[PDB]
Amino acid sequence: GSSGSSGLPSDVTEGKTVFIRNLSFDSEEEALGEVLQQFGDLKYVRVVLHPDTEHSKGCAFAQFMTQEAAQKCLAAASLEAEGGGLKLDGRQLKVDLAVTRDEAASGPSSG
């Protein structure tokens, strides 16, 4: 006798992100995206700018259409991986799975 055959529900959700670091002033939302598009379709490509002026900050955030896509960008952005490492305008690019977190939570009361 036995009992089990359990299993959790597996669904698809929006959990694909990509953050680029060490961006070059030459880099642009247009180019950047076209660089991460090769791997797969990009949902949205936005490049953060300086709060003071319109100086292209050395960082940008993008999104893929498929989880596998974002992952394909990493292994490629990792110069360590088997023949990888990306570069834009003589500047290496660091792509990592980013996430939009919102610092906010309730704390447990005490006696």
# chains A, B, ... in the order shown; residues from 1 in each chain; ligands from 1
>>> residues_around(residues="residue 18 in chain A", least_positions_apart="2", cutoff="8 Å", atoms="only C-alpha atoms", output="PyMOL selection string")
chain A and resi 16+20+61-64+70+95-98
>>> select_by_dssp(residues="range 39-106 of chain A", states="alpha helix (DSSP H)", output="list in words")
residues 67, 68, 69, 70, 71, 72, 73, 74, 75, 76 and 77 of chain A
>>> select_by_dssp(residues="range 47-102 of chain A", states="strand (DSSP E or B)", output="JSON list (two decimals) with C-alpha atoms, in the first residue's frame")
[["chain", "number", "residue", "atom", "x", "y", "z"],
["A", 49, "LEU", "CA", 19.59, 58.48, -16.80],
["A", 56, "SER", "CA", 23.49, 58.47, -19.95],
["A", 59, "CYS", "CA", 23.39, 51.20, -16.37],
["A", 60, "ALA", "CA", 20.20, 50.08, -18.10],
["A", 61, "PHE", "CA", 17.26, 47.73, -17.57],
["A", 62, "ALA", "CA", 15.62, 45.49, -20.17],
["A", 63, "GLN", "CA", 13.07, 42.67, -20.38],
["A", 64, "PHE", "CA", 12.79, 39.55, -22.53],
["A", 86, "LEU", "CA", 29.88, 41.24, -24.40],
["A", 87, "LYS", "CA", 31.26, 44.67, -25.31],
["A", 92, "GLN", "CA", 32.34, 45.38, -21.38],
["A", 93, "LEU", "CA", 28.67, 44.78, -20.57],
["A", 94, "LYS", "CA", 27.43, 43.03, -17.43],
["A", 95, "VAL", "CA", 23.99, 41.49, -17.87],
["A", 96, "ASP", "CA", 22.29, 40.07, -14.78]]
>>> atom_distance(atom1="CA of residue 65 in chain A", atom2="CA of residue 14 in chain A")
8.4 Å
>>> closest_residue(among="A:46, A:76, A:85, A:51", to="residue 27 in chain A", atoms="only C-alpha atoms")
A:46
